[PDB]
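Taken in order, the sequence shown gives residues 861 to 958, 965 to 988, 998 to 1036, 1147 to 1219; the numbers are from the authors' numbering. Here is the structure we will look at, set down as structure tokens.
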Amino acid sequence: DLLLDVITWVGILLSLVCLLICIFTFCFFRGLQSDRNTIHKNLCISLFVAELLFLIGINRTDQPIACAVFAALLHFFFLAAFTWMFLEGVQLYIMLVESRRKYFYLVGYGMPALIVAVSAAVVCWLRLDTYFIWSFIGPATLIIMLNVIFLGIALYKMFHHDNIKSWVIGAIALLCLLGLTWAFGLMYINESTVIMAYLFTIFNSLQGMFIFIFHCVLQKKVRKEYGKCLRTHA
């Protein structure tokens, strides 16, 4: 398990850095700020927190009180990131049919918050032996599928009838990347097979890679603003 952990540190750190490079460029710039800059900022914040909590809580169950906090925080932030891409798909559909910053914050964090508190009322990730690992997976898979539903609706609308097209293609690719990353991420925790846990590292490296290359340098708006700042400063 120790040998595989060496590889995971490389990938998770790369995901943390690649998110970090454009976690602030979503708030450090006063031009980009919009309804797709708050969703894409909270998404990176949630993924950053999830990655950091993973790196600090892979198996450290020596302190039970710390393990419980680790588990609750990770279970909250995973579904927070997933519902934030839900809100990203909803926003991409709305900007296709045609400031709600706090109301996206309400759906983006309230729904994960509602589940965690209610579920708690009834390895440091969770008990994967039935009980309510399925009660976690249910909402997660449901919102992933329904985000796919919106992404497909928008893509089909545009295709049979731009920049929204590129954004929804990037969003569906990013959602598939989260799927194929945090599917092995929930396998690296209860076991240590090199067959999937090792590829979990490269999927984190690609997940962060896509977040940093599509939504931070290939939008022709973040790149232009960063170039403006760079050229003006010196």
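All C-beta atoms in this analysis are idealised placements derived from N, C-alpha and C, irrespective of residue type, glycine included.
- Cβ neighbours of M955 within its own chain (closer than 7 Å, five residues either side excluded): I1149.
- For the pair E911 and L972, the Cα-to-Cα distance works out to about 23 Å.
- Of the candidates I905, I1174, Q923 and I1180, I905 places its Cα closest to the Cα of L939.
- With a beta-carbon spacing of about 6 Å, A1156 and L1026 fall inside the 8 Å limit used to define contacts.
- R966 carries a coil assignment under DSSP once its states are collapsed to helix, strand and coil.
- The C-beta distance from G974 to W944 rounds to 5 Å, short enough to meet the 8 Å contact threshold.
- Within its own chain, the residues whose Cβ lies closer than 6 Å to the Cβ of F937, once the five positions on either side in sequence are excluded, are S906, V909 and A910, listed in chain order.
- Annotation for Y1183: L864 and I867 place their beta carbon closer than 7 Å to its own, counting only its chain and skipping 5 residues before and after.
- Distances from the CA of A941 to each of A1219, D861, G1164 and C1214 were compared; the closest alpha carbon is that of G1164.
- Secondary structure at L980: helix, using DSSP grouped into helix, strand and coil.
- For the 7 Å CB-CB criterion, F1007 and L1162 do not form a contact.
- Contact between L874 and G1193 holds, with the beta-carbon distance rounding to 6 Å and staying under 8 Å.
- Ranked by Cα distance from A928, the first of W1009, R1002 and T1166 is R1002.
- When the Cα atoms are used, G1212 and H900 turn out to be separated by approximately 20 Å.
- Its chain contains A932, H935 and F936 as the residues whose beta carbon lies nearer than 7 Å to that of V982, once the 5 sequence neighbours on both sides are disregarded; these appear in chain order.
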